[PDB]
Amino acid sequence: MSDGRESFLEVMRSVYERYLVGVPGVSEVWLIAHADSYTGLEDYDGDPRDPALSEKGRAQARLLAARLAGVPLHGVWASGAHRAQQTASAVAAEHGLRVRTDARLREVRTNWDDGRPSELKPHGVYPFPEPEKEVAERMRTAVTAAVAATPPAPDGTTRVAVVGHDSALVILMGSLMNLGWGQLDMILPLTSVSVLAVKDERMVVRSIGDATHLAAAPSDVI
């Protein structure tokens, strides 16, 4: 009764509200890293900078789409890249949704894109020619624009899936926590799910990098 439990619960509620938990009008954005397109790239005769999914990637996307089949989704967005579109299509096909495209969801520009050799940088050294703040801002505006183009769901939480690219996604999530490259020291697995909570222009990182739909899969799928 008056034994500290009231103070504990009220403060917990206040903490939850800072992270948009227990707050009306919150939408969720499920950020999805595209599935594998690099197995076999050494022998690929298509555009090697815009490859289709590999056989392994098709299998990952099928596991992802099954995982998300039961989740109410109200929109699916993708970058213009084949690997993102193809992943998004697998997801959207379980929901009666059409994949909407936003080129601003593209991966960070890489040395590879510029036709230069790639180099392995030390931890914490930003490795891309497109600056981190520019990547973060185009991801932030692409995400809030996808929410603004999604009508609020009539029952419960509006949820938008956004299929993008692992480096640009982890840059977005770090920037949302006011962290620079290397501080949020993670790589997002292919087909991983990361959740943001969004209300008006405010965006909160709720979960990061979960590819647990692959946990029981054979090793040639991981």
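In case it trips you up, residue 1 is the first one in the sequence shown, and so on.
Looking at mean Cα B-factors across 37-45 and 24-32, the upper value is held by 37-45. Taking the mean C-alpha B-factor of each stretch as recorded, 112-120 and 81-89 are not equal, and the higher mean is that of 112-120. Taking the deposited Cα B-factors for 149, 142, 135, 73, the highest one is held by 149. Among the modelled residues of its chain, residue 154 has a C-alpha B-factor that falls in the highest third, as given in the PDB entry. Sort the chain's modelled residues by C-alpha temperature factor and residue 164 lands in the lowest third, per the entry. Per the PDB record, residue ranking by Cα B-factor puts residue 195 in the lowest third of the chain.
Ranked against the other modelled residues of its chain, the C-alpha B-factor of residue 69 as given in the entry falls in the middle third. Sorting the modelled residues of the chain by their CA temperature factor places residue 174 in the middle third.
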